[PDB]
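Listing of model_36.pdb, PDB, C-alpha atoms and all ligand atoms
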```
ATOM      1  CA  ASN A  12     -14.606 -10.384 -18.900
ATOM      2  CA  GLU A  13     -14.127  -7.228 -16.843
ATOM      3  CA  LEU A  14     -12.145  -8.771 -13.980
ATOM      4  CA  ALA A  15      -9.888 -10.665 -16.393
ATOM      5  CA  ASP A  16      -9.293  -7.676 -18.673
ATOM      6  CA  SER A  17      -8.353  -5.566 -15.621
ATOM      7  CA  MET A  18      -5.379  -7.768 -14.703
ATOM      8  CA  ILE A  19      -2.131  -5.806 -14.663
ATOM      9  CA  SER A  20       0.273  -7.802 -16.847
ATOM     10  CA  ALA A  21       3.357  -9.219 -15.140
ATOM     11  CA  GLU A  22       5.860  -7.097 -17.079
ATOM     12  CA  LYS A  23       4.283  -3.962 -15.529
ATOM     13  CA  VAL A  24       4.752  -5.317 -11.974
ATOM     14  CA  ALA A  25       8.212  -5.059 -10.457
ATOM     15  CA  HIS A  26       9.559  -8.203  -8.816
ATOM     16  CA  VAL A  27      12.624  -9.536  -7.052
ATOM     17  CA  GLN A  28      14.231 -12.970  -7.365
ATOM     18  CA  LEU A  29      15.129 -15.620  -4.805
ATOM     19  CA  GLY A  30      18.672 -14.933  -3.673
ATOM     20  CA  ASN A  31      18.421 -11.161  -4.109
ATOM     21  CA  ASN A  32      19.580  -9.357  -0.999
ATOM     22  CA  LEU A  33      17.362  -6.959   0.949
ATOM     23  CA  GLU A  34      19.239  -3.834  -0.141
ATOM     24  CA  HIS A  35      18.392  -4.680  -3.757
ATOM     25  CA  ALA A  36      14.765  -5.384  -2.809
ATOM     26  CA  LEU A  37      14.493  -2.029  -1.028
ATOM     27  CA  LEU A  38      15.684  -0.268  -4.179
ATOM     28  CA  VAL A  39      13.158  -2.086  -6.376
ATOM     29  CA  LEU A  40      10.338  -1.385  -3.920
ATOM     30  CA  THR A  41      11.238   2.293  -3.678
ATOM     31  CA  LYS A  42      11.262   2.917  -7.445
ATOM     32  CA  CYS A  43       8.414   0.661  -8.600
ATOM     33  CA  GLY A  44       5.306   2.318  -7.122
ATOM     34  CA  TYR A  45       4.006  -0.843  -5.414
ATOM     35  CA  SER A  46       4.231  -1.259  -1.639
ATOM     36  CA  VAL A  47       4.274  -5.082  -1.958
ATOM     37  CA  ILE A  48       5.955  -6.928  -4.836
ATOM     38  CA  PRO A  49       6.202 -10.587  -5.864
ATOM     39  CA  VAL A  50       9.269 -12.734  -5.324
ATOM     40  CA  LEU A  51       9.939 -15.055  -8.276
ATOM     41  CA  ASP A  52      12.418 -17.797  -9.042
ATOM     42  CA  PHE A  53      14.517 -18.073 -12.206
ATOM     43  CA  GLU A  54      11.594 -19.834 -13.957
ATOM     44  CA  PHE A  55       9.341 -16.847 -13.115
ATOM     45  CA  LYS A  56       7.256 -18.924 -10.697
ATOM     46  CA  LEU A  57       5.716 -17.085  -7.737
ATOM     47  CA  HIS A  58       7.249 -17.861  -4.317
ATOM     48  CA  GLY A  59       6.432 -14.944  -2.048
ATOM     49  CA  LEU A  60       5.512 -11.325  -1.432
ATOM     50  CA  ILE A  61       7.825  -8.731   0.088
ATOM     51  CA  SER A  62       7.421  -5.196   1.429
ATOM     52  CA  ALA A  63       9.595  -2.526   2.998
ATOM     53  CA  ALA A  64       8.011  -3.251   6.391
ATOM     54  CA  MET A  65       9.030  -6.915   6.204
ATOM     55  CA  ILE A  66      12.585  -5.926   5.292
ATOM     56  CA  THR A  67      12.988  -3.236   7.955
ATOM     57  CA  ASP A  68      11.446  -5.376  10.698
ATOM     58  CA  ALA A  69      14.128  -7.985   9.974
ATOM     59  CA  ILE A  70      16.898  -5.455  10.763
ATOM     60  CA  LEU A  71      15.320  -3.840  13.853
ATOM     61  CA  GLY A  72      18.066  -4.153  16.468
ATOM     62  CA  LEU A  73      18.004  -3.650  20.215
ATOM     63  CA  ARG A  75      19.349   0.519  16.241
ATOM     64  CA  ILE A  76      18.021  -0.146  12.744
ATOM     65  CA  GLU A  77      20.903  -2.243  11.409
ATOM     66  CA  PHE A  78      20.931  -1.132   7.780
ATOM     67  CA  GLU A  79      24.357  -2.774   7.375
ATOM     68  CA  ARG A  80      22.646  -6.190   7.533
ATOM     69  CA  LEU A  81      20.566  -5.557   4.379
ATOM     70  CA  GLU A  82      23.547  -6.617   2.259
ATOM     71  CA  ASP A  83      23.614 -10.051   3.895
ATOM     72  CA  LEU A  84      19.955 -11.104   4.194
ATOM     73  CA  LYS A  85      18.061 -12.629   1.254
ATOM     74  CA  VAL A  86      14.516 -11.862   0.135
ATOM     75  CA  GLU A  87      13.380 -15.418   0.828
ATOM     76  CA  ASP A  88      14.479 -14.940   4.460
ATOM     77  CA  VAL A  89      11.800 -12.298   5.108
ATOM     78  CA  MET A  90       9.175 -12.674   2.366
ATOM     79  CA  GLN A  91       5.599 -13.726   3.104
ATOM     80  CA  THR A  92       4.955 -17.265   1.843
ATOM     81  CA  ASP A  93       1.281 -17.373   2.918
ATOM     82  CA  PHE A  94      -0.644 -15.665   0.122
ATOM     83  CA  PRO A  95      -3.695 -16.345  -2.056
ATOM     84  CA  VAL A  96      -3.496 -16.761  -5.815
ATOM     85  CA  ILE A  97      -5.890 -16.647  -8.767
ATOM     86  CA  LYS A  98      -5.544 -19.401 -11.354
ATOM     87  CA  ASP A  99      -8.559 -18.563 -13.552
ATOM     88  CA  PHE A 100     -11.339 -16.012 -13.915
ATOM     89  CA  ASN A 101     -14.177 -18.552 -13.871
ATOM     90  CA  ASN A 102     -15.394 -17.453 -10.406
ATOM     91  CA  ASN A 103     -16.016 -13.726  -9.961
ATOM     92  CA  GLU A 104     -17.143 -14.153  -6.353
ATOM     93  CA  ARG A 105     -13.999 -15.861  -5.074
ATOM     94  CA  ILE A 106     -11.909 -13.047  -6.560
ATOM     95  CA  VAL A 107     -14.067 -10.353  -4.962
ATOM     96  CA  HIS A 108     -13.922 -12.297  -1.687
ATOM     97  CA  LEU A 109     -10.106 -12.374  -1.748
ATOM     98  CA  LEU A 110      -9.972  -8.636  -2.453
ATOM     99  CA  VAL A 111     -11.714  -7.981   0.883
ATOM    100  CA  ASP A 112      -8.570  -8.707   2.893
ATOM    101  CA  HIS A 113      -6.058  -8.319   0.051
ATOM    102  CA  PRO A 114      -5.440  -5.070  -1.861
ATOM    103  CA  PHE A 115      -4.227  -7.181  -4.785
ATOM    104  CA  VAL A 116      -4.043 -10.861  -5.614
ATOM    105  CA  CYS A 117      -1.464 -12.512  -7.836
ATOM    106  CA  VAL A 118      -2.507 -14.408 -10.994
ATOM    107  CA  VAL A 119      -0.555 -17.578 -11.839
ATOM    108  CA  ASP A 120      -0.992 -20.378 -14.310
ATOM    109  CA  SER A 121      -1.247 -24.048 -13.329
ATOM    110  CA  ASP A 122       2.551 -24.379 -12.887
ATOM    111  CA  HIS A 123       2.697 -21.187 -10.723
ATOM    112  CA  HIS A 124       4.187 -19.028 -13.480
ATOM    113  CA  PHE A 125       3.499 -15.407 -12.536
ATOM    114  CA  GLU A 126       0.983 -13.764 -14.876
ATOM    115  CA  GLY A 127      -0.036 -10.478 -13.268
ATOM    116  CA  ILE A 128      -2.119  -9.012 -10.468
ATOM    117  CA  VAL A 129      -5.758  -8.093  -9.920
ATOM    118  CA  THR A 130      -6.388  -5.125  -7.613
ATOM    119  CA  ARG A 131      -9.330  -3.605  -5.773
ATOM    120  CA  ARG A 132      -9.566  -0.717  -8.243
ATOM    121  CA  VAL A 133     -11.605  -2.661 -10.821
ATOM    122  CA  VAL A 134     -14.285  -3.357  -8.199
ATOM    123  CA  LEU A 135     -14.379   0.297  -7.144
ATOM    124  CA  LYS A 136     -14.795   1.229 -10.818
ATOM    125  CA  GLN A 137     -17.742  -1.149 -11.029
ATOM    126  CA  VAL A 138     -19.323   0.241  -7.844
ATOM    127  CA  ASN A 139     -18.808   3.793  -9.143
ATOM    128  CA  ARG A 140     -20.534   2.830 -12.412
ATOM    129  CA  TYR A 141     -23.411   1.225 -10.526
ATOM    130  CA  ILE A 142     -23.975   4.310  -8.341
ATOM    131  CA  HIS A 143     -24.098   6.481 -11.469
ATOM    132  CA  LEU A 144     -26.525   4.125 -13.206
ATOM    133  CA  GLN A 145     -28.815   4.433 -10.175
ATOM    134  CA  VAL A 146     -28.705   8.218 -10.538
ATOM    135  CA  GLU A 147     -29.591   7.798 -14.233
ATOM    136  CA  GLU A 148     -32.467   5.407 -13.506
ATOM    137  CA  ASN A 149     -33.960   7.868 -11.026
TER     138      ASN A 149
ATOM    139  CA  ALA B  15     -19.991   6.662   7.291
ATOM    140  CA  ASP B  16     -19.793   4.058  10.061
ATOM    141  CA  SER B  17     -16.728   2.438   8.459
ATOM    142  CA  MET B  18     -14.207   5.236   9.082
ATOM    143  CA  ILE B  19     -11.134   4.029  10.944
ATOM    144  CA  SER B  20     -10.916   6.611  13.729
ATOM    145  CA  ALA B  21      -7.709   8.611  14.068
ATOM    146  CA  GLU B  22      -6.679   7.128  17.416
ATOM    147  CA  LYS B  23      -6.326   3.702  15.743
ATOM    148  CA  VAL B  24      -3.913   5.118  13.130
ATOM    149  CA  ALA B  25      -0.255   5.700  13.945
ATOM    150  CA  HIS B  26       1.168   9.085  13.053
ATOM    151  CA  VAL B  27       4.367  11.083  13.264
ATOM    152  CA  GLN B  28       4.790  14.770  14.076
ATOM    153  CA  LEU B  29       6.375  17.730  12.315
ATOM    154  CA  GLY B  30      10.075  17.861  13.117
ATOM    155  CA  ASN B  31      10.512  14.115  13.662
ATOM    156  CA  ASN B  32      13.342  12.670  11.608
ATOM    157  CA  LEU B  33      13.054   9.945   8.990
ATOM    158  CA  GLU B  34      14.655   7.318  11.226
ATOM    159  CA  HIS B  35      11.793   7.699  13.692
ATOM    160  CA  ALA B  36       9.226   7.689  10.893
ATOM    161  CA  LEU B  37      10.677   4.435   9.509
ATOM    162  CA  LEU B  38      10.415   2.858  12.970
ATOM    163  CA  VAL B  39       6.770   3.929  13.353
ATOM    164  CA  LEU B  40       5.868   2.809   9.818
ATOM    165  CA  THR B  41       7.514  -0.588  10.263
ATOM    166  CA  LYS B  42       5.666  -1.384  13.503
ATOM    167  CA  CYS B  43       2.253   0.139  12.810
ATOM    168  CA  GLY B  44       0.790  -1.977  10.021
ATOM    169  CA  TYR B  45      -0.051   0.909   7.664
ATOM    170  CA  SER B  46       2.122   1.627   4.635
ATOM    171  CA  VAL B  47       1.196   5.353   4.680
ATOM    172  CA  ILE B  48       0.749   7.346   7.881
ATOM    173  CA  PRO B  49      -0.260  10.953   8.578
ATOM    174  CA  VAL B  50       2.059  13.743   9.699
ATOM    175  CA  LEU B  51       0.376  15.839  12.409
ATOM    176  CA  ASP B  52       1.209  18.877  14.534
ATOM    177  CA  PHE B  53       0.659  19.539  18.264
ATOM    178  CA  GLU B  54      -3.014  20.291  17.527
ATOM    179  CA  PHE B  55      -3.384  16.960  15.663
ATOM    180  CA  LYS B  56      -3.964  18.827  12.401
ATOM    181  CA  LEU B  57      -3.100  16.970   9.196
ATOM    182  CA  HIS B  58      -0.063  18.333   7.344
ATOM    183  CA  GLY B  59       0.929  15.461   5.073
ATOM    184  CA  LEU B  60       1.283  11.753   4.408
ATOM    185  CA  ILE B  61       4.528   9.775   4.592
ATOM    186  CA  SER B  62       5.560   6.288   3.435
ATOM    187  CA  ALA B  63       8.734   4.211   3.443
ATOM    188  CA  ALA B  64       9.051   4.771  -0.319
ATOM    189  CA  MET B  65       9.040   8.559   0.129
ATOM    190  CA  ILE B  66      11.667   8.209   2.853
ATOM    191  CA  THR B  67      13.930   5.881   0.889
ATOM    192  CA  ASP B  68      13.633   7.859  -2.347
ATOM    193  CA  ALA B  69      14.900  10.899  -0.449
ATOM    194  CA  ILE B  70      18.147   9.107   0.498
ATOM    195  CA  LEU B  71      18.819   7.356  -2.829
ATOM    196  CA  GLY B  72      22.306   8.406  -3.912
ATOM    197  CA  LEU B  73      23.882   7.948  -7.318
ATOM    198  CA  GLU B  74      25.974   5.098  -5.843
ATOM    199  CA  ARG B  75      24.295   4.003  -2.594
ATOM    200  CA  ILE B  76      21.225   4.205  -0.382
ATOM    201  CA  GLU B  77      22.550   6.801   2.062
ATOM    202  CA  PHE B  78      20.981   5.595   5.307
ATOM    203  CA  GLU B  79      23.105   7.967   7.395
ATOM    204  CA  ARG B  80      20.955  10.826   6.050
ATOM    205  CA  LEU B  81      17.794   9.532   7.761
ATOM    206  CA  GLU B  82      18.716  11.384  10.944
ATOM    207  CA  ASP B  83      19.371  14.602   8.953
ATOM    208  CA  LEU B  84      15.992  14.851   7.185
ATOM    209  CA  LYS B  85      12.645  15.694   8.805
ATOM    210  CA  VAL B  86       9.283  14.191   7.893
ATOM    211  CA  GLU B  87       8.097  17.527   6.481
ATOM    212  CA  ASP B  88      11.029  17.429   4.035
ATOM    213  CA  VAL B  89       9.671  14.325   2.261
ATOM    214  CA  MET B  90       5.955  14.040   3.084
ATOM    215  CA  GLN B  91       3.271  14.350   0.431
ATOM    216  CA  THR B  92       1.213  17.507   0.865
ATOM    217  CA  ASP B  93      -1.136  17.195  -2.146
ATOM    218  CA  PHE B  94      -3.816  14.660  -1.214
ATOM    219  CA  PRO B  95      -7.626  14.656  -1.180
ATOM    220  CA  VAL B  96      -9.623  14.874   2.023
ATOM    221  CA  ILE B  97     -13.236  14.592   3.038
ATOM    222  CA  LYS B  98     -14.776  16.720   5.781
ATOM    223  CA  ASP B  99     -17.965  14.689   6.358
ATOM    224  CA  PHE B 100     -20.230  12.141   4.653
ATOM    225  CA  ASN B 101     -22.495  14.687   2.942
ATOM    226  CA  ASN B 102     -21.147  13.799  -0.530
ATOM    227  CA  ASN B 103     -21.185  10.010  -0.669
ATOM    228  CA  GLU B 104     -20.782   9.921  -4.465
ATOM    229  CA  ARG B 105     -17.531  11.888  -4.219
ATOM    230  CA  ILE B 106     -16.157   9.477  -1.592
ATOM    231  CA  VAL B 107     -16.672   6.432  -3.828
ATOM    232  CA  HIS B 108     -15.324   8.440  -6.775
ATOM    233  CA  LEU B 109     -12.135   9.236  -4.838
ATOM    234  CA  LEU B 110     -11.694   5.599  -3.839
ATOM    235  CA  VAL B 111     -11.402   4.589  -7.495
ATOM    236  CA  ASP B 112      -7.945   6.183  -7.724
ATOM    237  CA  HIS B 113      -7.021   6.329  -4.013
ATOM    238  CA  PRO B 114      -6.692   3.329  -1.652
ATOM    239  CA  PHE B 115      -7.761   5.579   1.220
ATOM    240  CA  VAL B 116      -8.831   9.153   1.917
ATOM    241  CA  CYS B 117      -8.277  11.101   5.123
ATOM    242  CA  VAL B 118     -11.179  12.599   7.070
ATOM    243  CA  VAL B 119     -10.552  16.054   8.606
ATOM    244  CA  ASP B 120     -12.668  18.878   9.962
ATOM    245  CA  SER B 121     -12.777  22.493   8.778
ATOM    246  CA  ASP B 122      -9.817  23.292  11.057
ATOM    247  CA  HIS B 123      -7.755  20.474   9.412
ATOM    248  CA  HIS B 124      -7.953  18.309  12.550
ATOM    249  CA  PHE B 125      -7.312  14.657  11.652
ATOM    250  CA  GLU B 126     -10.393  12.484  12.282
ATOM    251  CA  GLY B 127      -9.636   9.166  10.579
ATOM    252  CA  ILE B 128      -9.412   7.415   7.230
ATOM    253  CA  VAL B 129     -11.857   5.800   4.809
ATOM    254  CA  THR B 130     -10.490   2.861   2.799
ATOM    255  CA  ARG B 131     -11.604   0.712  -0.136
ATOM    256  CA  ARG B 132     -12.151  -2.337   2.088
ATOM    257  CA  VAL B 133     -15.660  -1.423   3.272
ATOM    258  CA  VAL B 134     -16.845  -1.234  -0.344
ATOM    259  CA  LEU B 135     -15.319  -4.639  -1.055
ATOM    260  CA  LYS B 136     -17.096  -5.963   2.048
ATOM    261  CA  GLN B 137     -20.456  -4.742   0.729
ATOM    262  CA  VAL B 138     -19.882  -6.202  -2.742
ATOM    263  CA  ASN B 139     -18.928  -9.561  -1.224
ATOM    264  CA  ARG B 140     -22.155  -9.589   0.805
ATOM    265  CA  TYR B 141     -24.317  -8.652  -2.191
ATOM    266  CA  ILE B 142     -22.614 -11.393  -4.225
TER     267      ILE B 142
HETATM  268 CL    CL A 201      -6.521  -0.884  -1.858
END
```
As structure tokens, please, write out the structure in this file.
Amino acid sequence: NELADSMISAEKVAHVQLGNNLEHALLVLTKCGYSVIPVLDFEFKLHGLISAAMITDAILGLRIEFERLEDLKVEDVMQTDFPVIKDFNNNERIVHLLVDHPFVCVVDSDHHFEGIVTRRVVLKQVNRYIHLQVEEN
Amino acid sequence: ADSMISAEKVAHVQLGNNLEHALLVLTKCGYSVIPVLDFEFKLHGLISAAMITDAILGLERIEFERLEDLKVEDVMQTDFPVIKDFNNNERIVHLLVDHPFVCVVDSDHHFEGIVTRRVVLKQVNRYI
């Protein structure tokens, strides 16, 4: 159960809500310690992922138009194309997703946001394996 | 060893550049953290949008007008691990447990590239 036990619980992951403006999202991103955060609805279902780069790209003028952050909404710029994990029954699919994704969101069958799995657990396992090889030799 | 992303494929900023320029480079480049170099391409620090925005967080507002007043060296992180070569492979994997990437430099602090967690994930996927 090592992949499942490594999930970071949702209440430890900052998020924004549909309808939040981009100035609010930038504040959450800056304080939270994650470079990408989930976008949830009022039922805590997962709709998207947002980063500072997505926000700033949206206000790149012909001048960075920081005044526009007040008016744009997170759903206007968030990424809607993302993988999810719905169970821990398949270790290989999770490891496969972590190749091109630094973390993957965990949701239940109705898309309620549960937490994230990151690459760190796999690095911990590789680290342990390397040390076991030293021990065995 | 063969997985290092070489320095010329990584965007950087230079000492003395302001935070407005750094935000532009960060936004376009596709890396969330980029190196800060000097004229000799020596590594002085690492900078991210979160470091930049934290520096201009007021008690009432995000003070974007201050981006042109601050320089990258004012906000960059200067305490980070590096590797000089691939003569200590166990240390590299050890570092990648708590760091998403580590910079590669030479003895003169010249920036050579970065090693990331992705290559390890690639190997694990292939073994599995
Ligand atoms: Cl990572």
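With distances taken over all atoms listed in the file, B:33 is the one residue among B:79, B:17, B:33, B:51 lying closest to residue B:65.
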- [ ] Go through the shown structure with the PyMOL selection byres (((not hetatm)) within 8 of (chain A and resi 201)) and write out the matching residues as a ChimeraX atom specification.
- [x] /A:113-115,130-132 /B:113-115,130-132
Prev. selection, C-alpha atoms, output as a compact mmCIF listing (two decimals), in the coordinates of the input:
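Full text of out-v6.txt as output:
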```
# COMPACT_ATOMS: atom_id res chain seq x y z
CA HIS A 113 -6.06 -8.32 0.05
CA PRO A 114 -5.44 -5.07 -1.86
CA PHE A 115 -4.23 -7.18 -4.78
CA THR A 130 -6.39 -5.12 -7.61
CA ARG A 131 -9.33 -3.60 -5.77
CA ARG A 132 -9.57 -0.72 -8.24
CA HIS B 113 -7.02 6.33 -4.01
CA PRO B 114 -6.69 3.33 -1.65
CA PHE B 115 -7.76 5.58 1.22
CA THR B 130 -10.49 2.86 2.80
CA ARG B 131 -11.60 0.71 -0.14
CA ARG B 132 -12.15 -2.34 2.09
```
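From atom CA of residue A:111 back to atom CA of residue A:29, the distance works out to 28.5 Å.
Between atom CA of residue A:47 and atom CA of residue B:20 there is a distance of 24.8 Å.
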Open item on the list: Residues near residue B:19, anyone? I mean within 8 Å using all atoms listed in the file, not counting same-chain ones fewer than 5 positions away, as a PyMOL selection string.
Closed with: chain B and resi 24+127-129
TODO: Can you pull out every residue within 8 Å of stretch 80-93 of chain A, counting all atoms listed in the file, but drop anything in the same chain fewer than 3 positions away, and send it as a list in words?
DONE: residues 27, 28, 29, 30, 31, 32, 33, 34, 36, 50, 58, 59, 60, 61, 62, 65, 66, 69, 70 and 77 of chain A
Output the selection as a compact mmCIF listing (two decimals), in the frame of the given file - C-alpha atoms for each residue.
```txt
# COMPACT_ATOMS: atom_id res chain seq x y z
CA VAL A 27 12.62 -9.54 -7.05
CA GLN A 28 14.23 -12.97 -7.36
CA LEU A 29 15.13 -15.62 -4.80
CA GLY A 30 18.67 -14.93 -3.67
CA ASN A 31 18.42 -11.16 -4.11
CA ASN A 32 19.58 -9.36 -1.00
CA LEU A 33 17.36 -6.96 0.95
CA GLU A 34 19.24 -3.83 -0.14
CA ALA A 36 14.76 -5.38 -2.81
CA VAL A 50 9.27 -12.73 -5.32
CA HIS A 58 7.25 -17.86 -4.32
CA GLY A 59 6.43 -14.94 -2.05
CA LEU A 60 5.51 -11.32 -1.43
CA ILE A 61 7.82 -8.73 0.09
CA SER A 62 7.42 -5.20 1.43
CA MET A 65 9.03 -6.92 6.20
CA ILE A 66 12.58 -5.93 5.29
CA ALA A 69 14.13 -7.98 9.97
CA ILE A 70 16.90 -5.46 10.76
CA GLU A 77 20.90 -2.24 11.41
```
